[PDB]
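For reference, the structure is listed below as structure tokens.
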Amino acid sequence: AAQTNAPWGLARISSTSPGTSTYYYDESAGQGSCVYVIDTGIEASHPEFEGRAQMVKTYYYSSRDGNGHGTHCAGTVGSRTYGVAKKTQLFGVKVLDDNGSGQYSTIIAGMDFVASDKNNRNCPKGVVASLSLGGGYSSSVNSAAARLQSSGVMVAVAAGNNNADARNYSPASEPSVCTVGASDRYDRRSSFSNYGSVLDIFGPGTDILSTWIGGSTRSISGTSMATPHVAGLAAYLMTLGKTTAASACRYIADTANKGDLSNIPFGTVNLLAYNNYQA
Ligand SMILES: [Ca+2]
Ligand SMILES: [Ca+2]
């Protein structure tokens, strides 16, 4: 299948070179996989989700996304127009308030919730969790991420937007999960993207068009935007049977475009998420 005039990030992950505008992908499109978006919520009524999104848990007064961040990330995972895995099932877990903030205790609870909840869902091709959030180092937050991964969920997390070594941020610094940095449309490391030896992979993160609340769209930037590209790619690859939740991050790194990025500090991987599609 081919989506013409796609958002640049979708085109990038299906090409060996930058500057293309078509997103090439297998028609299976992540059908049968499930992705939990652990964030500010999801506006599940957005036409772009086609009835494939639903809120399953909130830690606040409402399950509504009053911010937009969660809806944007969910859109990059699996909306019709802006998504990597266009037929996946999306589950929203609201651990961040409508200002985009949340206590570590709540974020940890949300992770432990997903590890349990997945046992009540029909996700025959596998389960992914996308965490576009983080803050300063916490061994408890790292441990929760490690538990979620251990339970059989592919965990993708943002490296963070401090232009610093991700070793000092959580859950970015947990080695057992998939830590995602951001790149721009000219194959540069995004100027805000964290780096360091703990990064596993880069995905598109600057000027990413996706869904927004009020049934709208907008373009924003961050490692928060790169993370759902990788989460969506994982769901896509699991549906194709190419990899499993335990090994998806490694498989994605193994099959990545290598050496394409500029402004990568020595010691940081130069690997860009790639779906290896061949018609
Ligand atoms: Ca290349
Ligand atoms: Ca890792």
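In the structure tokens, chains take the letters A, B, ... in the order shown, each chain's residues start at 1, and ligands count up from 1 in the order shown.
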* To do: Give as a VMD selection string the residues surrounding ligand 2 up to a distance of 6 Å, considering only C-alpha atoms and all ligand atoms.
  => chain A and resid 175 to 179 200
Generate the output file for the selected residues, N, CA and C atoms, as a PDB file, in the first residue's frame.
```
ATOM      1  N   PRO A 175      17.674   0.511  30.785  1.00  0.00           N
ATOM      2  CA  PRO A 175      18.227  -0.099  29.569  1.00  0.00           C
ATOM      3  C   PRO A 175      17.324  -1.135  28.899  1.00  0.00           C
ATOM      4  N   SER A 176      16.438  -1.794  29.636  1.00  0.00           N
ATOM      5  CA  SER A 176      15.684  -2.910  29.048  1.00  0.00           C
ATOM      6  C   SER A 176      14.530  -2.486  28.137  1.00  0.00           C
ATOM      7  N   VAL A 177      14.209  -1.194  28.102  1.00  0.00           N
ATOM      8  CA  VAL A 177      13.140  -0.726  27.220  1.00  0.00           C
ATOM      9  C   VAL A 177      13.753  -0.113  25.959  1.00  0.00           C
ATOM     10  N   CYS A 178      12.911   0.428  25.086  1.00  0.00           N
ATOM     11  CA  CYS A 178      13.384   0.995  23.835  1.00  0.00           C
ATOM     12  C   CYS A 178      13.357   2.518  23.922  1.00  0.00           C
ATOM     13  N   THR A 179      14.536   3.128  24.020  1.00  0.00           N
ATOM     14  CA  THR A 179      14.635   4.560  24.265  1.00  0.00           C
ATOM     15  C   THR A 179      14.861   5.281  22.944  1.00  0.00           C
ATOM     16  N   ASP A 200      18.426   3.689  21.945  1.00  0.00           N
ATOM     17  CA  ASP A 200      18.381   2.494  21.098  1.00  0.00           C
ATOM     18  C   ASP A 200      18.201   2.818  19.628  1.00  0.00           C
TER      19      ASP A 200
END
```
* Apply DSSP to the backbone of this structure and, from region 102-179 of chain A, keep only the residues in strand (DSSP E or B); write these as JSON, numbers by chain. => {"A": [126, 127, 128, 129, 130, 131, 135, 136, 154, 155, 156, 157, 158, 165, 169, 170, 178, 179]}
C-alpha atoms of the current selection, written as an mmCIF file, in the first residue's frame:
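The new file again-v5.cif reads:
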```
data_model
loop_
_atom_site.group_PDB
_atom_site.id
_atom_site.type_symbol
_atom_site.label_atom_id
_atom_site.label_comp_id
_atom_site.auth_asym_id
_atom_site.auth_seq_id
_atom_site.Cartn_x
_atom_site.Cartn_y
_atom_site.Cartn_z
ATOM 1 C CA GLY A 126 1.010 -8.560 20.507
ATOM 2 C CA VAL A 127 1.036 -5.544 22.814
ATOM 3 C CA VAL A 128 2.997 -2.261 22.717
ATOM 4 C CA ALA A 129 3.174 0.623 25.223
ATOM 5 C CA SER A 130 4.184 4.117 24.158
ATOM 6 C CA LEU A 131 5.472 6.481 26.859
ATOM 7 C CA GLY A 135 11.575 13.597 34.155
ATOM 8 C CA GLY A 136 14.631 13.312 36.375
ATOM 9 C CA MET A 154 7.090 -3.800 23.918
ATOM 10 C CA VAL A 155 7.885 -0.591 25.778
ATOM 11 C CA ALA A 156 8.966 2.496 23.821
ATOM 12 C CA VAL A 157 9.948 5.620 25.789
ATOM 13 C CA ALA A 158 11.047 9.155 24.903
ATOM 14 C CA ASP A 165 22.703 12.589 28.173
ATOM 15 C CA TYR A 169 16.253 10.915 32.972
ATOM 16 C CA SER A 170 13.537 8.331 33.586
ATOM 17 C CA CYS A 178 13.384 0.995 23.835
ATOM 18 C CA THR A 179 14.635 4.560 24.265
#
```
* Write as a list in words the residues around ligand 1, taking 6 Å as the cut-off and counting only C-alpha atoms and all ligand atoms. =>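 My answer, listing the contacting residues, is residues 16, 17, 257 and 260 of chain A.
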Would you write out those residues with N, CA and C atoms, as a PDB file, in the first residue's frame?
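selection.pdb was written with the following content:
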```
ATOM      1  N   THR A  16      15.015   4.691   2.384  1.00  0.00           N
ATOM      2  CA  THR A  16      16.407   4.662   2.795  1.00  0.00           C
ATOM      3  C   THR A  16      17.024   6.053   2.753  1.00  0.00           C
ATOM      4  N   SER A  17      16.297   7.022   2.207  1.00  0.00           N
ATOM      5  CA  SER A  17      16.823   8.382   2.080  1.00  0.00           C
ATOM      6  C   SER A  17      15.790   9.446   2.444  1.00  0.00           C
ATOM      7  N   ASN A 257      18.019   2.157   9.159  1.00  0.00           N
ATOM      8  CA  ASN A 257      18.980   2.886   8.340  1.00  0.00           C
ATOM      9  C   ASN A 257      20.156   3.289   9.206  1.00  0.00           C
ATOM     10  N   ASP A 260      22.885   7.457   8.601  1.00  0.00           N
ATOM     11  CA  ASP A 260      22.229   8.529   7.856  1.00  0.00           C
ATOM     12  C   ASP A 260      22.148   9.854   8.607  1.00  0.00           C
TER      13      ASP A 260
END
```
* Pick from A:105, A:5, A:89, A:161: nearest to residue 225 (chain A), with only C-alpha atoms counted? ->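 With only C-alpha atoms as the atom set, the closest residue is A:161.
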* To do: Could you give me, as a ChimeraX atom specification, the residues within 9 Å of residue 273 (chain A), counting only C-alpha atoms and dropping anything in the same chain fewer than 4 positions from it?
  => /A:12-14,201-204,229-230,233,252-253,255-257
Limited to N, CA, C and O atoms, could you put the picked residues into a file as an mmCIF file, in the first residue's frame?
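What follows is the written file selection.cif:
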```
data_model
loop_
_atom_site.group_PDB
_atom_site.id
_atom_site.type_symbol
_atom_site.label_atom_id
_atom_site.label_comp_id
_atom_site.auth_asym_id
_atom_site.auth_seq_id
_atom_site.Cartn_x
_atom_site.Cartn_y
_atom_site.Cartn_z
ATOM 1 N N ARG A 12 9.595 8.982 5.807
ATOM 2 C CA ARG A 12 10.989 8.749 6.175
ATOM 3 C C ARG A 12 11.202 7.323 6.651
ATOM 4 O O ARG A 12 12.225 6.718 6.333
ATOM 5 N N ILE A 13 10.251 6.786 7.414
ATOM 6 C CA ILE A 13 10.454 5.454 7.977
ATOM 7 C C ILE A 13 10.235 4.353 6.940
ATOM 8 O O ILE A 13 10.521 3.190 7.214
ATOM 9 N N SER A 14 9.750 4.706 5.748
ATOM 10 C CA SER A 14 9.639 3.709 4.676
ATOM 11 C C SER A 14 10.607 3.986 3.516
ATOM 12 O O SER A 14 10.419 3.475 2.413
ATOM 13 N N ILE A 201 17.512 3.922 19.359
ATOM 14 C CA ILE A 201 16.995 4.196 18.028
ATOM 15 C C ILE A 201 16.553 5.656 17.939
ATOM 16 O O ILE A 201 16.222 6.274 18.959
ATOM 17 N N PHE A 202 16.567 6.202 16.720
ATOM 18 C CA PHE A 202 15.981 7.508 16.431
ATOM 19 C C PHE A 202 14.737 7.364 15.568
ATOM 20 O O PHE A 202 14.629 6.436 14.761
ATOM 21 N N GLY A 203 13.790 8.278 15.745
ATOM 22 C CA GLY A 203 12.634 8.370 14.872
ATOM 23 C C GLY A 203 12.336 9.834 14.595
ATOM 24 O O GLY A 203 12.866 10.718 15.266
ATOM 25 N N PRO A 204 11.484 10.111 13.602
ATOM 26 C CA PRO A 204 11.141 11.498 13.271
ATOM 27 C C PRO A 204 10.496 12.242 14.438
ATOM 28 O O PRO A 204 9.513 11.740 14.992
ATOM 29 N N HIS A 229 6.272 6.865 16.649
ATOM 30 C CA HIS A 229 6.693 6.312 15.361
ATOM 31 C C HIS A 229 7.265 4.915 15.581
ATOM 32 O O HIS A 229 7.009 3.997 14.805
ATOM 33 N N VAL A 230 8.074 4.775 16.632
ATOM 34 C CA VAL A 230 8.733 3.511 16.933
ATOM 35 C C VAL A 230 7.729 2.516 17.519
ATOM 36 O O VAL A 230 7.741 1.328 17.170
ATOM 37 N N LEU A 233 5.722 1.368 14.625
ATOM 38 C CA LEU A 233 6.511 0.459 13.793
ATOM 39 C C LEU A 233 6.585 -0.932 14.417
ATOM 40 O O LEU A 233 6.501 -1.945 13.714
ATOM 41 N N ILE A 252 14.343 -3.721 15.414
ATOM 42 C CA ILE A 252 14.232 -2.408 14.791
ATOM 43 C C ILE A 252 15.629 -1.796 14.611
ATOM 44 O O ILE A 252 15.933 -1.212 13.563
ATOM 45 N N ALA A 253 16.489 -1.964 15.619
ATOM 46 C CA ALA A 253 17.855 -1.450 15.549
ATOM 47 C C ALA A 253 18.661 -2.195 14.480
ATOM 48 O O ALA A 253 19.423 -1.574 13.725
ATOM 49 N N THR A 255 17.631 -3.549 11.775
ATOM 50 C CA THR A 255 17.133 -3.333 10.418
ATOM 51 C C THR A 255 17.024 -1.847 10.077
ATOM 52 O O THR A 255 16.496 -1.483 9.026
ATOM 53 N N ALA A 256 17.529 -0.996 10.971
ATOM 54 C CA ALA A 256 17.464 0.453 10.802
ATOM 55 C C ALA A 256 18.329 0.959 9.648
ATOM 56 O O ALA A 256 19.276 0.292 9.223
ATOM 57 N N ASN A 257 18.019 2.157 9.159
ATOM 58 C CA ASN A 257 18.980 2.886 8.340
ATOM 59 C C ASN A 257 20.156 3.289 9.206
ATOM 60 O O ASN A 257 19.980 3.936 10.239
#
```
Go through region 158-237 of chain A and collect every residue that DSSP, computed from the backbone, puts in helix (DSSP H, G or I); the answer should be as a compact mmCIF listing (two decimals) with N, CA and C atoms, in the first residue's frame.
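Saved to states.txt:
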```txt
# COMPACT_ATOMS: atom_id res chain seq x y z
N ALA A 166 20.78 11.12 28.21
CA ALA A 166 19.53 10.57 28.71
C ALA A 166 19.72 9.72 29.97
N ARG A 167 20.97 9.46 30.35
CA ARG A 167 21.26 8.68 31.54
C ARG A 167 20.68 9.30 32.81
N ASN A 168 20.37 10.60 32.77
CA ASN A 168 19.90 11.29 33.96
C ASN A 168 18.39 11.50 33.96
N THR A 223 10.84 14.58 21.42
CA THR A 223 11.07 13.14 21.43
C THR A 223 9.74 12.44 21.74
N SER A 224 8.77 13.20 22.25
CA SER A 224 7.41 12.67 22.44
C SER A 224 6.79 12.27 21.11
N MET A 225 7.21 12.92 20.03
CA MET A 225 6.69 12.65 18.70
C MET A 225 7.42 11.47 18.02
N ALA A 226 8.69 11.30 18.35
CA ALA A 226 9.48 10.22 17.76
C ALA A 226 9.05 8.87 18.32
N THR A 227 8.71 8.86 19.61
CA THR A 227 8.41 7.62 20.33
C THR A 227 7.24 6.84 19.71
N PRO A 228 6.11 7.51 19.39
CA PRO A 228 5.01 6.77 18.76
C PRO A 228 5.32 6.26 17.35
N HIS A 229 6.27 6.86 16.65
CA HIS A 229 6.69 6.31 15.36
C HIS A 229 7.26 4.91 15.58
N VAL A 230 8.07 4.78 16.63
CA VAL A 230 8.73 3.51 16.93
C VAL A 230 7.73 2.52 17.52
N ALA A 231 6.83 3.00 18.37
CA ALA A 231 5.78 2.15 18.93
C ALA A 231 4.88 1.61 17.81
N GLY A 232 4.48 2.50 16.91
CA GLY A 232 3.69 2.09 15.75
C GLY A 232 4.43 1.12 14.84
N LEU A 233 5.72 1.37 14.62
CA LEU A 233 6.51 0.46 13.79
C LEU A 233 6.59 -0.93 14.42
N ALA A 234 6.76 -0.98 15.74
CA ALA A 234 6.81 -2.26 16.44
C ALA A 234 5.52 -3.06 16.24
N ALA A 235 4.38 -2.39 16.39
CA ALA A 235 3.08 -3.04 16.25
C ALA A 235 2.93 -3.56 14.84
N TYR A 236 3.38 -2.76 13.89
CA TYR A 236 3.36 -3.14 12.48
C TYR A 236 4.20 -4.39 12.23
N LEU A 237 5.40 -4.42 12.80
CA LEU A 237 6.30 -5.55 12.58
C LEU A 237 5.82 -6.82 13.30
```
* Near-region 112-123 of chain A list (9 Å; only C-alpha atoms; drop same-chain fewer than 5 positions) as a count of residues only -> 20
* Asked: If you count only C-alpha atoms, which residues fall within 6 Å of residue 184 (chain A), apart from same-chain ones fewer than 3 positions away, as number ranges by chain?
  -> A: 187-188, 190, 204, 206
Residues from the last selection, N, CA, C and O atoms, saved as an mmCIF file, in the first residue's frame:
```cif
data_model
loop_
_atom_site.group_PDB
_atom_site.id
_atom_site.type_symbol
_atom_site.label_atom_id
_atom_site.label_comp_id
_atom_site.auth_asym_id
_atom_site.auth_seq_id
_atom_site.Cartn_x
_atom_site.Cartn_y
_atom_site.Cartn_z
ATOM 1 N N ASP A 187 17.496 14.791 8.221
ATOM 2 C CA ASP A 187 18.311 13.760 8.865
ATOM 3 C C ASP A 187 19.365 14.321 9.818
ATOM 4 O O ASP A 187 20.476 13.788 9.916
ATOM 5 N N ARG A 188 19.016 15.391 10.523
ATOM 6 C CA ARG A 188 19.828 15.845 11.647
ATOM 7 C C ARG A 188 19.199 15.361 12.943
ATOM 8 O O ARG A 188 17.977 15.228 13.020
ATOM 9 N N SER A 190 17.477 16.080 16.126
ATOM 10 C CA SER A 190 16.702 17.252 16.522
ATOM 11 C C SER A 190 17.504 18.024 17.564
ATOM 12 O O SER A 190 18.149 17.427 18.432
ATOM 13 N N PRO A 204 11.484 10.111 13.602
ATOM 14 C CA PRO A 204 11.141 11.498 13.271
ATOM 15 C C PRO A 204 10.496 12.242 14.438
ATOM 16 O O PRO A 204 9.513 11.740 14.992
ATOM 17 N N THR A 206 10.801 16.217 14.694
ATOM 18 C CA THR A 206 10.632 17.658 14.496
ATOM 19 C C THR A 206 9.542 17.939 13.473
ATOM 20 O O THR A 206 9.573 17.377 12.379
#
```
* Asked: residue 30 (chain A): which residues within 7 Å, counting only C-alpha atoms, same-chain residues fewer than 6 positions away excluded, as a PyMOL selection string?
  -> chain A and resi 85-88+235-236+239
With C-alpha atoms retained, write the just-selected residues as a compact mmCIF listing (two decimals), in the first residue's frame.
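Saved result, out.txt, follows:
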```
# COMPACT_ATOMS: atom_id res chain seq x y z
CA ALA A 85 0.05 1.33 12.03
CA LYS A 86 -3.26 2.32 10.52
CA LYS A 87 -5.32 -0.67 11.69
CA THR A 88 -4.01 -1.16 15.22
CA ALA A 235 3.08 -3.04 16.25
CA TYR A 236 3.36 -3.14 12.48
CA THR A 239 1.56 -8.14 13.03
```
* **Atom-to-atom span, CA of residue 243 (chain A) and CA of residue 25 (chain A), Å** => 16.4 Å
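Counting only C-alpha atoms and comparing A:133, A:267, A:10, A:64, the residue that lies closest to residue 78 (chain A) is A:10.
Considering only C-alpha atoms, the residue among A:59, A:180, A:66, A:76 positioned nearest to residue 95 (chain A) is A:59.
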